[PDB]
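**Q** Structure file my_file10.csv, CSV, C-alpha atoms and all ligand atoms, is pasted below:
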chain,number,residue,atom,x,y,z
E,1,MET,CA,-0.7,11.1,5.2
E,2,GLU,CA,0.0,12.0,8.9
E,3,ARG,CA,0.5,9.0,11.4
E,4,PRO,CA,-2.6,9.9,13.5
E,5,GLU,CA,-4.8,10.4,10.4
E,6,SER,CA,-3.6,7.1,9.1
E,7,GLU,CA,-4.9,5.2,12.2
E,8,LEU,CA,-8.2,7.0,12.2
E,9,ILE,CA,-8.7,6.0,8.5
E,10,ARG,CA,-7.7,2.3,9.2
E,11,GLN,CA,-9.9,2.0,12.3
E,12,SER,CA,-12.9,3.6,10.6
E,13,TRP,CA,-12.6,1.6,7.4
E,14,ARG,CA,-12.7,-1.7,9.3
E,15,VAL,CA,-16.5,-1.8,9.8
E,16,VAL,CA,-17.2,-0.7,6.2
E,17,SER,CA,-14.8,-3.2,4.7
E,18,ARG,CA,-16.8,-6.1,6.3
E,19,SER,CA,-19.7,-5.5,4.0
E,20,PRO,CA,-18.4,-3.5,1.1
E,21,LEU,CA,-21.4,-3.8,-1.2
E,22,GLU,CA,-24.0,-2.8,1.5
E,23,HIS,CA,-21.9,0.2,2.3
E,24,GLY,CA,-21.1,1.2,-1.4
E,25,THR,CA,-24.8,0.9,-2.0
E,26,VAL,CA,-25.4,3.8,0.5
E,27,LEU,CA,-22.6,5.8,-1.2
E,28,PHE,CA,-24.2,5.4,-4.7
E,29,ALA,CA,-27.8,5.9,-3.4
E,30,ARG,CA,-26.7,9.1,-1.8
E,31,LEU,CA,-24.9,10.1,-5.0
E,32,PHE,CA,-27.9,9.7,-7.2
E,33,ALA,CA,-30.1,11.5,-4.6
E,34,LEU,CA,-27.8,14.5,-4.7
E,35,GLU,CA,-27.1,14.5,-8.4
E,36,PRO,CA,-29.4,12.3,-10.5
E,37,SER,CA,-27.7,13.8,-13.7
E,38,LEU,CA,-24.9,11.3,-13.0
E,39,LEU,CA,-27.3,8.3,-13.4
E,40,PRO,CA,-27.0,8.2,-17.3
E,41,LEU,CA,-23.2,7.8,-17.1
E,42,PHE,CA,-23.7,4.2,-15.9
E,43,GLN,CA,-25.0,2.3,-18.9
E,44,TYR,CA,-25.1,-1.5,-19.3
E,45,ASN,CA,-26.6,-3.7,-22.0
E,46,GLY,CA,-27.1,-0.6,-24.2
E,47,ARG,CA,-29.7,1.0,-21.8
E,48,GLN,CA,-30.0,4.0,-19.4
E,49,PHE,CA,-31.4,3.6,-15.9
E,50,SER,CA,-34.7,5.5,-15.6
E,51,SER,CA,-34.6,5.8,-11.7
E,52,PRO,CA,-31.8,5.5,-9.1
E,53,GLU,CA,-33.4,2.3,-7.7
E,54,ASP,CA,-33.1,0.7,-11.1
E,55,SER,CA,-29.3,0.9,-10.7
E,56,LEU,CA,-29.5,-1.2,-7.5
E,57,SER,CA,-31.1,-4.1,-9.5
E,58,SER,CA,-28.2,-4.2,-12.1
E,59,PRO,CA,-25.6,-6.9,-11.3
E,60,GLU,CA,-23.2,-5.0,-13.5
E,61,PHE,CA,-23.7,-1.8,-11.5
E,62,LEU,CA,-23.4,-3.7,-8.2
E,63,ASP,CA,-20.1,-5.2,-9.6
E,64,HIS,CA,-19.1,-1.6,-10.4
E,65,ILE,CA,-19.6,-0.7,-6.7
E,66,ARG,CA,-17.4,-3.6,-5.6
E,67,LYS,CA,-14.6,-2.2,-7.9
E,68,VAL,CA,-15.0,1.2,-6.3
E,69,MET,CA,-14.8,-0.2,-2.8
E,70,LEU,CA,-11.8,-2.3,-3.7
E,71,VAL,CA,-9.9,0.8,-4.9
E,72,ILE,CA,-10.8,2.7,-1.7
E,73,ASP,CA,-9.6,-0.3,0.3
E,74,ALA,CA,-6.3,0.0,-1.6
E,75,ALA,CA,-6.0,3.7,-0.7
E,76,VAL,CA,-6.7,2.8,2.9
E,77,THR,CA,-4.0,0.0,2.8
E,78,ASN,CA,-1.5,2.5,1.4
E,79,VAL,CA,-2.6,5.5,3.4
E,80,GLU,CA,0.8,6.0,5.0
E,81,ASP,CA,2.3,6.4,1.5
E,82,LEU,CA,0.0,6.9,-1.3
E,83,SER,CA,2.9,7.3,-3.8
E,84,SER,CA,2.8,3.5,-4.0
E,85,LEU,CA,-0.7,3.8,-5.7
E,86,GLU,CA,0.2,6.9,-7.8
E,87,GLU,CA,0.5,5.1,-11.1
E,88,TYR,CA,-2.6,3.0,-10.6
E,89,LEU,CA,-4.6,6.2,-9.6
E,90,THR,CA,-3.4,8.1,-12.7
E,91,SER,CA,-4.4,5.0,-14.8
E,92,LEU,CA,-7.9,5.3,-13.1
E,93,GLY,CA,-8.1,8.9,-14.1
E,94,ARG,CA,-7.3,8.0,-17.7
E,95,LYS,CA,-10.1,5.4,-17.5
E,96,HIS,CA,-12.6,8.1,-16.4
E,97,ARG,CA,-11.6,10.0,-19.6
E,98,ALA,CA,-11.8,7.0,-21.9
E,99,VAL,CA,-15.4,6.5,-21.1
E,100,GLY,CA,-16.2,10.1,-21.8
E,101,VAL,CA,-16.4,11.2,-18.1
E,102,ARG,CA,-15.0,14.4,-16.7
E,103,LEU,CA,-14.2,14.8,-12.9
E,104,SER,CA,-15.9,18.2,-11.9
E,105,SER,CA,-18.4,16.0,-10.0
E,106,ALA,CA,-15.6,14.8,-7.7
E,107,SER,CA,-16.7,16.9,-4.8
E,108,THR,CA,-20.2,15.3,-4.9
E,109,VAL,CA,-18.7,11.8,-5.0
E,110,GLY,CA,-16.6,12.8,-2.1
E,111,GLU,CA,-19.5,14.1,-0.1
E,112,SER,CA,-21.3,10.8,-0.8
E,113,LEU,CA,-18.3,8.9,0.6
E,114,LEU,CA,-18.3,11.1,3.7
E,115,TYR,CA,-22.0,10.7,4.1
E,116,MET,CA,-21.7,6.8,4.0
E,117,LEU,CA,-18.9,7.0,6.6
E,118,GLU,CA,-20.9,9.4,8.8
E,119,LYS,CA,-23.9,7.1,8.8
E,120,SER,CA,-21.8,3.9,9.4
E,121,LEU,CA,-19.7,5.3,12.2
E,122,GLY,CA,-22.4,7.5,14.0
E,123,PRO,CA,-20.7,9.0,17.1
E,124,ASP,CA,-17.3,7.6,16.0
E,125,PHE,CA,-17.4,10.0,13.0
E,126,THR,CA,-15.4,12.6,14.8
E,127,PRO,CA,-14.3,15.9,13.2
E,128,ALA,CA,-10.7,14.5,13.1
E,129,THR,CA,-12.0,11.4,11.2
E,130,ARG,CA,-13.9,13.6,8.7
E,131,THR,CA,-10.8,15.8,8.0
E,132,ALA,CA,-8.6,12.7,7.7
E,133,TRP,CA,-10.9,11.2,5.1
E,134,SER,CA,-11.4,14.5,3.2
E,135,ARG,CA,-7.6,14.7,3.0
E,136,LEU,CA,-7.3,11.1,1.7
E,137,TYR,CA,-10.1,11.6,-0.8
E,138,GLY,CA,-8.4,14.9,-2.0
E,139,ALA,CA,-5.1,13.2,-2.5
E,140,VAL,CA,-6.8,10.4,-4.5
E,141,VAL,CA,-8.6,12.8,-6.7
E,142,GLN,CA,-5.5,14.9,-7.3
E,143,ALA,CA,-3.6,11.7,-8.6
E,144,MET,CA,-6.6,10.8,-10.7
E,145,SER,CA,-6.7,14.3,-12.2
E,146,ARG,CA,-3.0,14.1,-13.2
E,147,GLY,CA,-3.9,11.0,-15.3
E,148,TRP,CA,-7.1,12.6,-16.7
E,149,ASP,CA,-4.9,15.5,-17.9
E,150,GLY,CA,-1.3,15.5,-19.1
E,151,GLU,CA,1.1,13.2,-17.4
Q,201,LIG,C1,-15.5,12.4,-10.2
Q,201,LIG,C2,-16.7,12.0,-10.5
Q,201,LIG,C3,-16.8,10.6,-10.9
Q,201,LIG,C4,-17.7,10.1,-11.8
Q,201,LIG,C5,-18.8,11.0,-12.5
Q,201,LIG,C6,-17.5,8.7,-12.0
Q,201,LIG,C7,-18.2,7.9,-12.9
Q,201,LIG,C8,-17.7,6.7,-13.4
Q,201,LIG,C9,-18.2,6.1,-14.5
Q,201,LIG,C10,-19.3,6.5,-15.4
Q,201,LIG,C11,-17.5,4.9,-14.7
Q,201,LIG,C12,-17.7,3.9,-15.7
Q,201,LIG,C13,-18.7,2.8,-15.2
Q,201,LIG,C14,-19.0,1.6,-16.2
Q,201,LIG,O1,-19.2,1.8,-17.4
Q,201,LIG,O2,-19.0,0.5,-15.7
Q,201,LIG,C15,-16.5,4.8,-13.6
Q,201,LIG,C16,-15.6,3.8,-13.4
Q,201,LIG,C17,-14.9,3.7,-12.2
Q,201,LIG,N1,-14.9,4.7,-11.2
Q,201,LIG,FE1,-15.7,6.4,-11.2
Q,201,LIG,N2,-16.5,8.4,-11.2
Q,201,LIG,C18,-16.0,9.4,-10.5
Q,201,LIG,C19,-15.0,9.4,-9.6
Q,201,LIG,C20,-14.4,8.2,-9.1
Q,201,LIG,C21,-13.6,8.2,-8.0
Q,201,LIG,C22,-13.1,9.3,-7.1
Q,201,LIG,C23,-13.2,6.9,-7.8
Q,201,LIG,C24,-12.4,6.4,-6.6
Q,201,LIG,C25,-12.3,5.2,-6.2
Q,201,LIG,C26,-13.8,6.1,-8.8
Q,201,LIG,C27,-13.7,4.7,-9.0
Q,201,LIG,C28,-14.0,4.1,-10.3
Q,201,LIG,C29,-13.6,2.7,-10.7
Q,201,LIG,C30,-12.7,1.8,-9.9
Q,201,LIG,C31,-14.1,2.5,-11.9
Q,201,LIG,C32,-13.9,1.2,-12.7
Q,201,LIG,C33,-12.5,1.3,-13.3
Q,201,LIG,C34,-12.2,0.2,-14.3
Q,201,LIG,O3,-13.1,-0.6,-14.6
Q,201,LIG,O4,-11.0,0.1,-14.7
Q,201,LIG,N3,-14.5,7.0,-9.6
Q,201,LIG,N4,-16.7,6.0,-12.8
Write the structure described by the file as structure tokens, please.
**A**
Amino acid sequence: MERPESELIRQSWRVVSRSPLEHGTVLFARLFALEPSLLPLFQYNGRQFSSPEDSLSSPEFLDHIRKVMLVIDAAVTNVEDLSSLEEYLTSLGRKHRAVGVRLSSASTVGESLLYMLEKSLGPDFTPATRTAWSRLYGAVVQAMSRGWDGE
């Protein structure tokens, strides 16, 4: 990533990273509002969530959110050279395959991330901040898709 984009990403992540579950909760609430057909993909204790709010009562799901936020934090930490996370991210792509999940829904998850950032940052969500994040998310997804497919 470019050296100005890198700083915008670090500075913007700071407030989010202080309360990662509260913020991931926004991300996932937004996700299920946009695309409730993703809700059945998250199954714990042999059961489907009926409503999006049901997910937010599941300690397994909230623990899932914490994992997501930890991986985003890792991409932020390595933003100036994401090749250091390449092999992890390819492994993450394989995992999405292993559980029977394809990644054509990646753009919606991305929009959900950007939504959470916009709401957290308010006026500090500049256009430059948005494009930095979209570029980081894209690079993450492209590494994940390598692992999902051959390689
Ligand atoms: C592309 C659309 C996506 C869908 C539909 C999706 C869905 C899922 C599902 C269903 C699981 C399994 C949950 C479980 O049984 O506990 C999972 C795991 C995971 N997802 Fe995603 N996901 C997507 C993209 C992403 C992206 C872009 C990230 C980036 C941080 C991410 C991070 C994770 C992590 C960290 C796990 C847990 C990995 C592990 O336990 O080893 N996902 N995802």
**Q** Choose the residue, out of E:22, E:87, E:73, E:35, that has the smallest atom-to-atom separation from residue 136 (chain E); count all atoms listed in the file.
**A** E:73
**Q** For ligand LIG 201 (chain Q), return the neighbouring residues as a PyMOL selection string (distance at most 8 Å; only C-alpha atoms and all ligand atoms).
**A** chain E and resi 38+41-44+60-61+64-65+67-72+92+95-96+99-110+137+140-141+144
**Q** Report as JSON, numbers by chain all protein, DNA and RNA residues lying within 7 Å of residue 9 (chain E), evaluated on all atoms listed in the file, omitting residues in the same chain fewer than 4 positions from it.
**A** {"E": [5, 13, 76, 129, 132, 133]}
**Q** From the options E:130, E:40, E:74, E:4, which residue's atoms come nearest to residue 116 (chain E), counting all atoms listed in the file?
**A**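 Comparing E:130, E:40, E:74, E:4 against residue 116 (chain E), the winner is E:130.
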**Q** Find, counting all atoms listed in the file, the residue in E:11, E:112, E:134, E:55 that gets nearest to residue 34 (chain E).
**A**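 Once distances to residue 34 (chain E) are computed over all atoms listed in the file, the minimum belongs to E:112.
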**Q** Tell me, in Å to one decimal, how far CA of residue 49 (chain E) is from CA of residue 89 (chain E).
**A**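 Interatomic distance, CA of residue 49 (chain E) to CA of residue 89 (chain E): 27.7 Å.
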**Q** Would you mind listing what lies within 9 Å of residue 56 (chain E) as a PyMOL selection string, with only C-alpha atoms counted and same-chain residues fewer than 6 positions away left out?
**A** chain E and resi 25+28-29+62
**Q** What is the distance, in Å and to one decimal place, between CA of residue 123 (chain E) and CA of residue 31 (chain E)?
**A**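 Those two atoms sit 22.5 Å apart.
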**Q** Just the number, please: distance in Å from CA of residue 138 (chain E) to CA of residue 48 (chain E), one decimal.
**A** 29.8 Å
**Q** Measuring atom to atom with all atoms listed in the file, identify which of E:151, E:54, E:124, E:86 is nearest to residue 39 (chain E).
**A**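 Between E:151, E:54, E:124, E:86, the residue approaching residue 39 (chain E) most closely is E:54.
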**Q** Kindly reconstruct region 121-141 of chain E with N, CA, C and O atoms and present the result as a compact mmCIF listing (two decimals), in the frame of the given file.
**A**
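Result saved to selection_14.txt:
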# COMPACT_ATOMS: atom_id res chain seq x y z
N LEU E 121 -20.53 5.13 10.99
CA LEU E 121 -19.70 5.30 12.20
C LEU E 121 -20.51 6.00 13.36
O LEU E 121 -20.16 5.84 14.54
N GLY E 122 -21.60 6.69 13.03
CA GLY E 122 -22.40 7.50 14.00
C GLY E 122 -21.49 8.34 14.90
O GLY E 122 -20.74 9.18 14.36
N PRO E 123 -21.49 8.12 16.24
CA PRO E 123 -20.70 9.00 17.10
C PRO E 123 -19.18 8.85 16.92
O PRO E 123 -18.46 9.76 17.28
N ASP E 124 -18.71 7.77 16.32
CA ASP E 124 -17.30 7.60 16.00
C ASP E 124 -16.85 8.40 14.78
O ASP E 124 -15.64 8.37 14.45
N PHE E 125 -17.76 9.10 14.09
CA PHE E 125 -17.40 10.00 13.00
C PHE E 125 -17.00 11.32 13.59
O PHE E 125 -17.77 12.26 13.54
N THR E 126 -15.84 11.40 14.18
CA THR E 126 -15.40 12.60 14.80
C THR E 126 -14.98 13.64 13.75
O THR E 126 -14.76 13.28 12.59
N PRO E 127 -14.83 14.91 14.16
CA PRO E 127 -14.30 15.90 13.20
C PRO E 127 -12.94 15.51 12.66
O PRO E 127 -12.67 15.76 11.50
N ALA E 128 -12.09 14.91 13.49
CA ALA E 128 -10.70 14.50 13.10
C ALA E 128 -10.80 13.33 12.05
O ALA E 128 -10.04 13.31 11.12
N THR E 129 -11.72 12.42 12.23
CA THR E 129 -12.00 11.40 11.20
C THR E 129 -12.53 11.93 9.87
O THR E 129 -12.03 11.53 8.82
N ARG E 130 -13.43 12.90 9.92
CA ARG E 130 -13.90 13.60 8.70
C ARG E 130 -12.74 14.32 8.00
O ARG E 130 -12.64 14.20 6.81
N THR E 131 -11.90 15.07 8.71
CA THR E 131 -10.80 15.80 8.00
C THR E 131 -9.78 14.78 7.47
O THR E 131 -9.26 14.99 6.38
N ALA E 132 -9.52 13.68 8.18
CA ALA E 132 -8.60 12.70 7.70
C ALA E 132 -9.07 12.12 6.32
O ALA E 132 -8.30 12.02 5.37
N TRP E 133 -10.34 11.75 6.28
CA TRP E 133 -10.90 11.20 5.10
C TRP E 133 -10.98 12.25 3.96
O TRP E 133 -10.76 11.91 2.80
N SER E 134 -11.27 13.50 4.29
CA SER E 134 -11.40 14.50 3.20
C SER E 134 -9.98 14.69 2.62
O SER E 134 -9.88 14.88 1.42
N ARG E 135 -8.93 14.63 3.45
CA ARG E 135 -7.60 14.70 3.00
C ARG E 135 -7.17 13.55 2.12
O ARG E 135 -6.51 13.70 1.08
N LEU E 136 -7.58 12.35 2.54
CA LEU E 136 -7.30 11.10 1.70
C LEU E 136 -8.00 11.19 0.37
O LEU E 136 -7.39 10.95 -0.69
N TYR E 137 -9.29 11.50 0.41
CA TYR E 137 -10.10 11.60 -0.80
C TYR E 137 -9.45 12.69 -1.76
O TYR E 137 -9.36 12.50 -2.98
N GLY E 138 -9.05 13.84 -1.19
CA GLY E 138 -8.40 14.90 -2.00
C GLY E 138 -7.18 14.43 -2.70
O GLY E 138 -6.97 14.75 -3.88
N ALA E 139 -6.33 13.70 -1.99
CA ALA E 139 -5.10 13.20 -2.50
C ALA E 139 -5.30 12.16 -3.63
O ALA E 139 -4.63 12.14 -4.68
N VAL E 140 -6.32 11.34 -3.43
CA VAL E 140 -6.80 10.40 -4.50
C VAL E 140 -7.24 11.09 -5.72
O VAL E 140 -6.81 10.78 -6.84
N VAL E 141 -8.10 12.07 -5.56
CA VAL E 141 -8.60 12.80 -6.70
C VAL E 141 -7.49 13.62 -7.38
O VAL E 141 -7.50 13.72 -8.61
